[PDB]
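Fold and geometry: a report
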Amino acid sequence: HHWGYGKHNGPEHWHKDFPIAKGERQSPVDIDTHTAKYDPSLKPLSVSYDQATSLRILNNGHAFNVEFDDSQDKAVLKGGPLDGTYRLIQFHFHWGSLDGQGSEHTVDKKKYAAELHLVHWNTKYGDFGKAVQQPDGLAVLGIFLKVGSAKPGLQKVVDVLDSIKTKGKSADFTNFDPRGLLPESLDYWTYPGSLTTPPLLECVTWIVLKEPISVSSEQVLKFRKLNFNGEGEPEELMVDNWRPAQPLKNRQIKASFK
Ligand SMILES: NS(=O)(=O)c1ccc(-c2ccc(Cn3cccn3)cc2)cc1
Ligand SMILES: [Zn+2]
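Residues numbered from 1 in each chain as written, not as in the entry; some residues may be left out. Chains lettered and ligands numbered in written order. Heavy atoms only, no water. Residues with missing side-chain atoms left out of burial classes, pairs and counts.

The deposited coordinates derive from X-ray crystallography, with the record listing a resolution of 1.3000 Å.

Side note on the overall build of the chain
Secondary structure assignment for the chain yields four helices and 15 strands. A compact globule built from 258 residues should have a C-alpha radius of gyration of about 18 Å, and the chain, at 17 Å, falls within 12% of that. With the principal axes as the frame, the chain shows a C-alpha extent of 55 × 40 × 40 Å. For the chain, the proportion of contacts with a sequence separation of at least 24, taken over those separated by at least 6, is 71%. (Helix = DSSP H or I, 4+ residues; strand = E, 2+ residues; numbered from the N terminus. Rg over C-alpha atoms; globule rule 2.2 N^0.38 Å. Contact = heavy atoms within 4.5 Å.)

Quick word on the site of ligand 1
Surrounding ligand 1, one finds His 92, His 94, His 117, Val 119, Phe 128, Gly 129, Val 140, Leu 195, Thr 196, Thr 197, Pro 199 and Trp 206. Interatomic distance of 3.4 Å between a side-chain N/O atom of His 94 and an oxygen atom of ligand 1. In the environment of ligand 1, an oxygen atom lies 2.8 Å from a nitrogen or oxygen atom belonging to the side chain of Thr 196. Protein chains shield 71% of the accessible area of ligand 1, which is 510 Å² for the free molecule. Going through the elements one at a time, β7 (86-95), β9 (114-122) and α2 (128-131) are the ones with two or more residues in the shell around ligand 1. Of the residues contributing to the shell around ligand 1, the split by class is six nonpolar, six polar and no charged. (Near = heavy atom within 4 Å. Polar contact = N/O pair within 3.5 Å; in protein donor to acceptor, adjacent residues only side chain to side chain. Areas by Shrake-Rupley, 256 points an atom, 1.4 Å probe, with all protein chains shown as cover. Nonpolar A, V, L, I, M, F, W, Y, C, P; charged D, E, K, R; others polar.)

Quick notes on the UniProt feature "active site" in the chain
Taken from the UniProt record, the annotation "active site" applies to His 62. Structurally, the position occupied by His 62 is in the loop between β4 (54-59) and β5 (64-68). Judged by its relative accessible area of 24%, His 62 falls in the partly exposed class. Every residue in contact with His 62, bar those within four places of it in the chain, is listed here: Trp 3, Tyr 5, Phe 228, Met 238 and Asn 241. (UniProt positions renumbered as here; feature names shortened; annotations may be inferred. Buried < 20%, exposed > 50% of the residue type's maximum accessible area, 1.4 Å probe, protein only.)

Details of the UniProt feature "binding site: substrate" in the chain
On the UniProt side, "binding site: substrate" is annotated at positions that read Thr 196 and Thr 197 here. If you take the residues mentioned a moment ago, the ones lining the largest pocket come down to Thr 196 and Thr 197. With respect to the helices, strands and loops of the structure, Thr 196 is situated in the loop between β12 (188-193) and β13 (204-209). Setting aside residues up to four positions removed in sequence, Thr 196 forms contacts with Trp 14, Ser 27, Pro 28, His 94, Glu 104, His 117, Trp 206 and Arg 243. Side chain to side chain, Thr 196 and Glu 104 meet in a polar contact 2.6 Å long. Counting through the fold element by element, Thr 197 comes out in the loop between β12 and β13. Setting aside its immediate chain neighbours within four residues, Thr 197 contacts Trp 3, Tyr 5, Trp 14 and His 94. (1 Å grid on protein atoms, 1.4 Å probe; cavity = no way out; pocket = protein on both sides within 12 Å on 5 of 7 lines; lining within 4 Å.)

Concerning the environment of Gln 51
By the element assignment, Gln 51 lies in the loop between β3 (45-48) and β4. Given a relative accessible area of 53%, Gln 51 falls into the exposed group. Residues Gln 51 and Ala 75, 24 residues apart in the sequence, show an inter-C-alpha distance of 5.9 Å.

Focus on the coordination of the zinc ion (ligand 2)
Taken together, the protein ligands of the zinc ion (ligand 2) are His 92 (NE2), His 94 (NE2) and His 117 (ND1), with distances of 2.0 to 2.1 Å. Sequence spacing among the residues donating to the zinc ion (ligand 2) works out to H-x1-H-x22-H. Here the residue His 94 occupies a position in strand β7, and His 117 occupies one in strand β9, the gap between them amounting to 23 residues. Like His 94, the residue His 117 is buried in the burial classification. (Donors = N, O, S within 2.8 Å, 3.2 Å for Na, K, Ca; no water.)

Brief notes about unusual backbone geometry
Residue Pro 28 is bonded to the preceding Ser 27 through a cis peptide linkage, with omega at 0°. With an omega dihedral of 5°, the bond running from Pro 198 to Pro 199 counts as a cis peptide bond. Tracing the sequence through the fold places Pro 199 in the loop between β12 and β13. In this model, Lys 249 sits at a positive phi of 55°, which is unusual for a non-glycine residue. Residue placement: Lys 249 occurs in the loop between α4 (217-223) and β15 (254-255). Exposure remark for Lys 249: the relative accessible area of 41% places this residue in the partly exposed category.

Here it is, written out as C-alpha cells:
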C-alpha cells in the first residue's frame, strides 16, 4: 500500500509515511502574481543545454523521466537566484485527466493542463542523493503547458511513450534536445520549496517560468495513455499525477520581471 495519486494513497495520505508533507517549505504553491515582489537584484537565468546527453526514458509508476548523463557539466543551470552550478539529471511532467487541470503550481489559482520539471542538482554536493539532503541541493525549472498549437520539440517524447506504457519499462532515448521544450522568455518566479512527491524533501530552489509552452490536444492525449500499473496488472491510466498547492507559510515569492 504505497503512495500514489488514487483515493486511498493520494496527496492527503502522504503525511502518514512522510511527515515533512506538513512542513514549512512544501511545494507546489499558488503564485499570487500581485503579491510576488519584483527583485531587481535577481540575475537572468543561464540555461546551457547545448552539450546535453539524454540517455533513456523510464516510466517509474508516477510519471516518466527523460534521464541525462550528469557525470560531467554538460547541461547546466546557473544564475537567476542560484549560487553555483546545477547539473540537469532528468525532466518529467505532471498532467491532468482533462485540459483544465494537471499543473502543480498555479498562477492566481489558474491550473494549466500540465507542468514540465527540469531537475538539476548542485555540483558542490557531488551527486544527486547527497544534494537532496541539503536545503540548496536542487534547482527545478518549472514550465507550464497549455493546450493549443503543437510543440514540435515535444513530439519525439510523445512518440516513444507507447514503448514505456507501464511501470518499470524503459527505452533508449538518445540525442533529445531539451532546448526544444523552452518558451521564448526566461522571465520567472522563484521561492524555496520541496520535492512535490515523496520523499517531499525540502531541498529545492524552484524557478517557475511565466510564459507557458503550447502543446496540442493530441500530444497531451498521448500522455494520458500511459499507465501507473505494471504490465500484467489491472490498467489504471496515468492521469492526475499532480500534488495540489500547499500553504505558503513564511515564504516570499520573488519575480525576475516587472
Ligand atoms: N521535480 S519534483 O516533482 O519536485 C521531484 C523531483 C525528484 C524527486 C525524487 C527525488 C529523490 C528520490 C529518491 N532518491 C533518488 C536518489 C536519491 N534519493 C525520489 C524522487 C521527486 C519529485
Ligand atoms: Zn515534478
